[PDB]
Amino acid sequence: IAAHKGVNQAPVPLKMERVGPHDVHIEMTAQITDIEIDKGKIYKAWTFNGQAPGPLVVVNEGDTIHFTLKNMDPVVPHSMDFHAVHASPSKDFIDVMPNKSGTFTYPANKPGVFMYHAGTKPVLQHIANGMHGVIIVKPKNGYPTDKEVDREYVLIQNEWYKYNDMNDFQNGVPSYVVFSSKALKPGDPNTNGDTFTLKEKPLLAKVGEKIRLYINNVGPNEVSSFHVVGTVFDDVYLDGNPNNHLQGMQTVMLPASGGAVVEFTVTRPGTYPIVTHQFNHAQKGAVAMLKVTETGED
């Protein structure tokens, strides 16, 4: 796109603030930002807020979201679709023009780990170019294993294709499949979908801890066979709904846009790979690392 040549808009922080016991304001941008998806490989991504996947959003079950999208893209309109919400797509997920802002309101009445993404036609084009992310809706009454969990992180899986190539998006194998982590608390890593960061800078944990991961496979195209090497998932909640409760899974099958809450215990010090067991995708980037130390540091 001619109007994107040379464009690299610095990331803009997510803005959220609660405005009522059950109402939250959220302000995001659509912007064009260069991301290093593999060593030496820059992708001029279409993003929310300069991250791909976009920034993490967390709300409570029953919150109504008052969402504003500010479109910084000079020529391409964009929109927002939250899987968490009940809304009219043709009224509430509509396009925002270049250099304009739009505000939309809708309720998040279901707990879980939901994909969000741009909903502008062709949707495949907007997602593949990077306009995806996760919103977590915390269950009012928690998860029955809440009191067993020592530490938690968010992981997202996505693919990257040949740059803005709709033929490749529809008919080709992914060039890269990647994990990224999004921060839940101060001190947590916050990364983009790439082949290397979570290998060189693993997530940290302590020997003996039970770890919870909030995970989603945003695609656009592949399903995911999610597995942590050296453990078994004690408990799994499909899409993060506390009722969808499985136990003792080695691997969790996730649809495109599929989410889960998974919990597992790390019993020994060492480095534990995290992968999608579809190992062609793991070979093309989709391996993260969890470093388990005696203290949780290092």
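One-based numbering along the sequence shown.
For the pair 183-191 and 101-109, the mean B factor over Cα atoms is greater in 183-191. Mean CA temperature factor is higher for 264-272 when stretches 264-272 and 33-41 are set side by side in the entry. For the set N158, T197, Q125, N71, the PDB entry puts the maximum C-alpha B factor at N71.
Ranking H132, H227, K201, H78 by the C-alpha B-factor listed in the PDB entry places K201 at the top. In this PDB entry, the Cα temperature factor of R18 sits in the middle third of its chain's modelled residues. Per the deposited record, the Cα B-factor of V12 falls in the highest third when ranked against the other modelled residues of its chain. Per the PDB record, residue ranking by Cα B-factor puts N243 in the middle third of the chain.
Sort the chain's modelled residues by C-alpha temperature factor and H117 lands in the middle third, per the entry. The PDB entry assigns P139 a C-alpha temperature factor belonging to the middle third of its chain's modelled residues.
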